[PDB]
file model14.cif (mmCIF, C-alpha atoms)
data_upload
#
loop_
_atom_site.label_atom_id
_atom_site.label_comp_id
_atom_site.auth_asym_id
_atom_site.auth_seq_id
_atom_site.Cartn_x
_atom_site.Cartn_y
_atom_site.Cartn_z
CA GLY A 71 -23.50 -7.83 -11.88
CA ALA A 72 -22.43 -4.86 -9.78
CA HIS A 73 -23.29 -4.33 -6.13
CA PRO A 74 -24.69 -0.88 -5.30
CA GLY A 75 -22.45 0.95 -2.87
CA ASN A 76 -19.33 -0.59 -4.49
CA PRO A 77 -17.12 1.46 -6.82
CA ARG A 78 -17.69 0.80 -10.51
CA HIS A 79 -14.08 1.61 -11.46
CA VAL A 80 -11.13 1.08 -9.10
CA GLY A 81 -7.74 2.56 -9.92
CA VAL A 82 -4.68 1.28 -8.06
CA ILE A 83 -1.25 2.91 -8.10
CA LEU A 84 1.14 -0.03 -7.61
CA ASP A 85 3.64 1.85 -5.47
CA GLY A 86 6.35 0.34 -3.27
CA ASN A 87 8.08 -2.32 -5.41
CA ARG A 88 11.49 -0.63 -5.16
CA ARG A 89 11.27 -0.19 -1.38
CA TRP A 90 9.98 -3.75 -1.00
CA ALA A 91 12.93 -5.15 -2.96
CA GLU A 92 15.50 -3.23 -0.91
CA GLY A 93 13.92 -4.34 2.37
CA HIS A 94 13.91 -7.98 1.27
CA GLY A 95 17.28 -8.05 -0.51
CA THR A 96 15.74 -9.00 -3.86
CA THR A 97 16.00 -7.69 -7.39
CA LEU A 98 13.56 -5.18 -8.84
CA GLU A 99 12.28 -7.85 -11.24
CA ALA A 100 11.48 -10.18 -8.33
CA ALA A 101 9.43 -7.39 -6.72
CA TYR A 102 7.46 -6.76 -9.93
CA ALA A 103 6.92 -10.50 -10.39
CA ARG A 104 5.39 -10.51 -6.91
CA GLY A 105 3.54 -7.29 -7.70
CA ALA A 106 2.00 -9.05 -10.69
CA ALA A 107 0.77 -11.78 -8.35
CA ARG A 108 -0.89 -9.08 -6.24
CA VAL A 109 -2.63 -7.78 -9.37
CA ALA A 110 -3.99 -11.30 -9.90
CA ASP A 111 -5.15 -11.29 -6.28
CA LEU A 112 -6.73 -7.85 -6.76
CA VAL A 113 -8.82 -8.73 -9.82
CA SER A 114 -9.98 -11.92 -8.08
CA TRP A 115 -11.21 -9.92 -5.08
CA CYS A 116 -12.82 -7.37 -7.41
CA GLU A 117 -14.58 -10.18 -9.28
CA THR A 118 -16.12 -11.51 -6.06
CA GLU A 119 -17.38 -7.98 -5.38
CA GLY A 120 -18.69 -7.55 -8.93
CA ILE A 121 -16.25 -4.73 -9.71
CA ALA A 122 -15.77 -4.97 -13.47
CA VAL A 123 -13.36 -2.12 -14.34
CA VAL A 124 -9.87 -2.10 -12.79
CA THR A 125 -6.96 0.14 -13.79
CA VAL A 126 -3.48 -0.42 -12.35
CA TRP A 127 -0.57 2.00 -12.76
CA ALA A 128 2.49 -0.25 -13.01
CA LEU A 129 5.12 2.04 -14.55
CA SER A 130 5.42 5.82 -14.76
CA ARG A 131 7.13 7.72 -17.55
CA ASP A 132 9.38 9.50 -15.04
CA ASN A 133 10.57 6.15 -13.65
CA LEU A 134 11.82 5.04 -17.08
CA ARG A 135 15.12 6.78 -16.24
CA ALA A 138 16.48 0.28 -19.97
CA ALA A 139 17.73 -3.16 -18.96
CA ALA A 140 15.78 -3.12 -15.68
CA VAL A 141 12.71 -1.68 -17.44
CA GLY A 142 12.74 -4.65 -19.82
CA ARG A 143 12.96 -7.11 -16.93
CA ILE A 144 10.12 -5.23 -15.21
CA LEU A 145 7.90 -5.45 -18.29
CA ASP A 146 8.67 -9.15 -18.77
CA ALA A 147 7.99 -10.04 -15.13
CA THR A 148 4.67 -8.19 -15.40
CA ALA A 149 3.65 -9.96 -18.62
CA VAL A 150 4.49 -13.39 -17.17
CA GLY A 151 2.65 -12.58 -13.94
CA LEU A 152 -0.48 -11.65 -15.91
CA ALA A 153 -0.65 -15.09 -17.57
CA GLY A 154 -3.07 -16.49 -15.00
CA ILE A 155 -5.39 -13.51 -15.44
CA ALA A 156 -5.24 -14.00 -19.21
CA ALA A 157 -5.85 -17.75 -18.94
CA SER A 158 -8.88 -17.07 -16.72
CA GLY A 159 -10.78 -15.60 -19.66
CA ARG A 160 -12.58 -13.28 -17.25
CA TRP A 161 -10.62 -10.05 -17.82
CA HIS A 162 -9.95 -8.13 -21.04
CA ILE A 163 -6.45 -6.76 -20.46
CA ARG A 164 -5.68 -3.43 -22.14
CA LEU A 165 -2.51 -1.33 -22.12
CA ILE A 166 -2.48 2.43 -21.66
CA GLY A 167 0.44 4.83 -21.71
CA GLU A 168 3.10 5.59 -24.30
CA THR A 169 4.33 2.05 -24.94
CA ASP A 170 6.55 3.41 -27.73
CA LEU A 171 8.96 4.64 -25.02
CA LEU A 172 9.51 1.04 -23.82
CA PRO A 173 12.08 -1.43 -25.19
CA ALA A 174 10.48 -3.01 -28.23
CA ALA A 175 10.88 -6.72 -27.45
CA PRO A 176 9.55 -6.73 -23.84
CA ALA A 177 6.84 -4.27 -24.91
CA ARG A 178 5.74 -6.69 -27.64
CA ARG A 179 5.57 -9.59 -25.16
CA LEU A 180 3.39 -7.50 -22.84
CA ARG A 181 1.26 -6.48 -25.83
CA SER A 182 0.94 -10.12 -26.89
CA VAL A 183 -0.37 -11.13 -23.45
CA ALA A 184 -2.98 -8.37 -23.48
CA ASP A 185 -4.03 -9.02 -27.09
CA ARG A 186 -4.87 -12.67 -26.34
CA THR A 187 -7.59 -11.50 -23.91
CA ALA A 188 -9.75 -9.64 -26.46
CA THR A 189 -12.69 -11.91 -25.59
CA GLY A 190 -12.15 -11.66 -21.83
CA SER A 191 -15.39 -10.89 -20.02
CA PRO A 192 -16.95 -9.36 -17.98
CA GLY A 193 -13.97 -7.56 -16.43
CA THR A 194 -11.70 -4.93 -17.94
CA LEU A 195 -8.13 -4.60 -16.64
CA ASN A 196 -6.25 -1.52 -17.85
CA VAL A 197 -2.48 -1.74 -17.30
CA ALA A 198 -0.72 1.63 -17.37
CA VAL A 199 2.96 1.51 -18.37
CA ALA A 200 5.10 4.52 -19.30
CA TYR A 201 2.02 6.57 -18.41
CA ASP A 202 2.05 10.25 -17.45
CA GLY A 203 -1.00 12.31 -16.55
CA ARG A 204 0.25 15.56 -18.04
CA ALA A 205 1.10 13.66 -21.22
CA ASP A 206 -2.44 12.27 -21.17
CA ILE A 207 -3.87 15.80 -21.13
CA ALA A 208 -1.40 17.02 -23.77
CA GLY A 209 -2.44 14.13 -26.02
CA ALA A 210 -5.98 15.49 -25.92
CA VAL A 211 -4.92 18.84 -27.39
CA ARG A 212 -2.98 17.17 -30.21
CA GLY A 213 -5.85 14.78 -30.93
CA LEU A 214 -8.15 17.77 -31.31
CA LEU A 215 -5.63 19.46 -33.61
CA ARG A 216 -5.51 16.42 -35.91
CA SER A 217 -9.33 16.54 -35.99
CA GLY A 218 -9.35 20.22 -36.97
CA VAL A 227 -14.62 23.13 -28.06
CA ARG A 228 -16.42 21.53 -25.10
CA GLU A 229 -15.10 19.77 -22.02
CA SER A 230 -16.55 16.55 -23.44
CA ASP A 231 -14.44 17.12 -26.56
CA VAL A 232 -11.24 17.22 -24.48
CA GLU A 233 -12.27 14.00 -22.72
CA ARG A 234 -13.01 12.33 -26.07
CA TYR A 235 -9.42 12.78 -27.26
CA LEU A 236 -7.47 11.87 -24.12
CA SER A 237 -5.01 9.04 -24.64
CA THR A 238 -7.14 7.31 -21.98
CA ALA A 239 -10.46 8.23 -23.63
CA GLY A 240 -11.40 4.54 -23.48
CA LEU A 241 -11.33 4.70 -19.66
CA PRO A 242 -14.40 5.93 -17.75
CA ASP A 243 -14.48 7.87 -14.48
CA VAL A 244 -12.60 6.31 -11.57
CA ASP A 245 -14.68 5.97 -8.40
CA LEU A 246 -11.97 4.77 -5.99
CA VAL A 247 -8.21 5.36 -6.15
CA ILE A 248 -5.92 3.18 -4.03
CA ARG A 249 -2.25 4.09 -3.61
CA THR A 250 0.07 1.83 -1.63
CA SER A 251 3.40 2.45 0.21
CA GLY A 252 1.94 5.24 2.36
CA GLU A 253 2.49 7.91 -0.31
CA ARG A 254 -0.28 10.52 -0.10
CA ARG A 255 -0.03 11.66 -3.72
CA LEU A 256 -1.73 10.91 -7.01
CA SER A 257 1.40 11.70 -9.09
CA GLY A 258 -0.80 12.60 -12.06
CA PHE A 259 -2.70 9.30 -12.18
CA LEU A 260 -5.55 9.80 -14.70
CA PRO A 261 -6.15 13.49 -13.88
CA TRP A 262 -9.41 13.68 -15.85
CA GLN A 263 -11.10 10.46 -14.69
CA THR A 264 -10.00 10.69 -11.03
CA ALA A 265 -11.22 14.28 -10.53
CA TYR A 266 -14.13 13.12 -8.35
CA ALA A 267 -12.67 9.81 -7.14
CA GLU A 268 -12.49 8.80 -3.51
CA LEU A 269 -8.80 8.62 -2.58
CA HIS A 270 -7.57 5.88 -0.24
CA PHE A 271 -3.93 5.51 0.84
CA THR A 272 -2.67 2.11 2.00
CA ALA A 273 0.48 1.95 4.11
CA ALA A 274 1.60 -1.47 2.85
CA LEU A 275 4.02 -1.73 -0.06
CA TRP A 276 2.39 -3.11 -3.20
CA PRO A 277 4.08 -6.58 -3.24
CA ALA A 278 2.59 -7.07 0.26
CA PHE A 279 -0.92 -5.79 -0.59
CA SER A 280 -3.29 -7.99 1.40
CA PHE A 281 -6.98 -8.82 1.45
CA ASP A 282 -7.29 -6.72 4.62
CA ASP A 283 -5.86 -3.75 2.71
CA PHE A 284 -8.46 -4.37 -0.01
CA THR A 285 -11.33 -4.71 2.47
CA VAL A 286 -10.29 -1.55 4.35
CA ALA A 287 -10.18 0.37 1.06
CA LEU A 288 -13.61 -0.84 -0.08
CA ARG A 289 -15.17 -0.19 3.34
CA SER A 290 -13.80 3.36 3.25
CA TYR A 291 -15.55 3.87 -0.09
CA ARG A 292 -18.89 2.50 1.12
CA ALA A 293 -18.67 4.61 4.29
CA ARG A 294 -18.29 7.90 2.37
#

call {"tool": "encode", "arguments": {"input": "model14.cif", "output": "structure tokens"}}
result
Amino acid sequence: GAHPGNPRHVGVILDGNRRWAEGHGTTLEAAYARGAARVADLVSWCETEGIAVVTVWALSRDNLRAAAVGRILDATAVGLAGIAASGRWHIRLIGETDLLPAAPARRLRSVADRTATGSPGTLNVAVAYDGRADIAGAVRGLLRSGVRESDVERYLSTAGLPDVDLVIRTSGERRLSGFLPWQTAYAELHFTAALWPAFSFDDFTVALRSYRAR
């Protein structure tokens, strides 16, 4: 069950992998493999707190500017294996996965699809996601259906995602960069200085305490 005072839906922008790799002399894929381990840490800490909906923004559409993107997607899918094997999180993909290389995209899809019975948590993994594209998808979805604010929300590409209560962005960047513009409208915004591959339990506790203290 949920604890009152805790956020029902936490969204995390997994920022800082590129900077972390350059500072440590590693590849980008090694940073995303470590970033995937931090996602596993995150959902474990959320579980202990009874937080059942978690959305992580792993890859933006603008940052798709081929070979590295495939390695990134594969390192993420492998790093999510422990979450999948836990059976305690239903992993879903959001974003325009059709813009990703087909073979690594399929392997990421195959990891998520094996968690259809995961419960009670929901982990939404955003790849090739763009907030303005999310909103634009609502206007095309309405067109195909042949107008209230609830009607726009119903046809977002992320219509399956509810309101976000707490947004965490790492790497010290004080921006949302279009992360779920509809669902984060009234979200508490917390900015962590640490780069995502170094996201710690202290960072998590500080973020949650900032939410409860609002």

call {"tool": "closest_residue", "arguments": {"input": "model14.cif", "among": "A:139, A:129, A:171, A:112", "to": "residue 152 (chain A)", "atoms": "all atoms listed in the file"}}
result
A:112

call {"tool": "resolve_selection", "arguments": {"input": "model14.cif", "expression": "the PyMOL selection byres ((chain A and resi 195-198) around 10)", "output": "JSON, numbers by chain"}}
result
{"A": [80, 81, 82, 83, 109, 113, 122, 123, 124, 125, 126, 127, 128, 129, 130, 131, 148, 155, 160, 161, 162, 163, 164, 165, 166, 167, 168, 169, 180, 184, 190, 193, 194, 199, 200, 201, 202, 238, 240, 241, 259, 260]}

call {"tool": "residues_around", "arguments": {"input": "model14.cif", "residues": "region 278-280 of chain A", "least_positions_apart": "6", "cutoff": "10 Å", "atoms": "only C-alpha atoms", "output": "PyMOL selection string"}}
result
chain A and resi 84+86-87+90+101+104-105+107-109+111-112+250-251+272+286

call {"tool": "residues_around", "arguments": {"input": "model14.cif", "residues": "residue 211 (chain A)", "least_positions_apart": "3", "cutoff": "12 Å", "atoms": "only C-alpha atoms", "output": "MDAnalysis selection string"}}
result
chainID A and resid 204:208 214:218 227 229 231:237

call {"tool": "write_last_selection", "arguments": {"input": "model14.cif", "atoms": "C-alpha atoms", "output": "PDB file, in the coordinates of the input"}}
result
ATOM      1  CA  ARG A 204       0.250  15.560 -18.040  1.00  0.00           C
ATOM      2  CA  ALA A 205       1.100  13.660 -21.220  1.00  0.00           C
ATOM      3  CA  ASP A 206      -2.440  12.270 -21.170  1.00  0.00           C
ATOM      4  CA  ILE A 207      -3.870  15.800 -21.130  1.00  0.00           C
ATOM      5  CA  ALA A 208      -1.400  17.020 -23.770  1.00  0.00           C
ATOM      6  CA  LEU A 214      -8.150  17.770 -31.310  1.00  0.00           C
ATOM      7  CA  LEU A 215      -5.630  19.460 -33.610  1.00  0.00           C
ATOM      8  CA  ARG A 216      -5.510  16.420 -35.910  1.00  0.00           C
ATOM      9  CA  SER A 217      -9.330  16.540 -35.990  1.00  0.00           C
ATOM     10  CA  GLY A 218      -9.350  20.220 -36.970  1.00  0.00           C
ATOM     11  CA  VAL A 227     -14.620  23.130 -28.060  1.00  0.00           C
ATOM     12  CA  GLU A 229     -15.100  19.770 -22.020  1.00  0.00           C
ATOM     13  CA  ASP A 231     -14.440  17.120 -26.560  1.00  0.00           C
ATOM     14  CA  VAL A 232     -11.240  17.220 -24.480  1.00  0.00           C
ATOM     15  CA  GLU A 233     -12.270  14.000 -22.720  1.00  0.00           C
ATOM     16  CA  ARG A 234     -13.010  12.330 -26.070  1.00  0.00           C
ATOM     17  CA  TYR A 235      -9.420  12.780 -27.260  1.00  0.00           C
ATOM     18  CA  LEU A 236      -7.470  11.870 -24.120  1.00  0.00           C
ATOM     19  CA  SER A 237      -5.010   9.040 -24.640  1.00  0.00           C
TER      20      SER A 237
END

call {"tool": "closest_residue", "arguments": {"input": "model14.cif", "among": "A:79, A:290, A:175, A:98", "to": "residue 266 (chain A)", "atoms": "only C-alpha atoms"}}
result
A:79

call {"tool": "residues_around", "arguments": {"input": "model14.cif", "residues": "residue 106 (chain A)", "least_positions_apart": "6", "cutoff": "9 Å", "atoms": "all atoms listed in the file", "output": "short mmCIF file (atom, residue, chain, number, x, y, z; two decimals) with C-alpha atoms, in the coordinates of the input"}}
result
data_model
loop_
_atom_site.label_atom_id
_atom_site.label_comp_id
_atom_site.auth_asym_id
_atom_site.auth_seq_id
_atom_site.Cartn_x
_atom_site.Cartn_y
_atom_site.Cartn_z
CA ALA A 147 7.99 -10.04 -15.13
CA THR A 148 4.67 -8.19 -15.40
CA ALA A 149 3.65 -9.96 -18.62
CA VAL A 150 4.49 -13.39 -17.17
CA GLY A 151 2.65 -12.58 -13.94
CA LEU A 152 -0.48 -11.65 -15.91
CA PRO A 277 4.08 -6.58 -3.24
#

call {"tool": "atom_distance", "arguments": {"input": "model14.cif", "atom1": "CA of residue 133 (chain A)", "atom2": "CA of residue 173 (chain A)"}}
result
13.9 Å

call {"tool": "atom_distance", "arguments": {"input": "model14.cif", "atom1": "CA of residue 263 (chain A)", "atom2": "CA of residue 282 (chain A)"}}
result
26.1 Å

call {"tool": "closest_residue", "arguments": {"input": "model14.cif", "among": "A:121, A:276, A:269, A:177", "to": "residue 294 (chain A)", "atoms": "all atoms listed in the file"}}
result
A:269
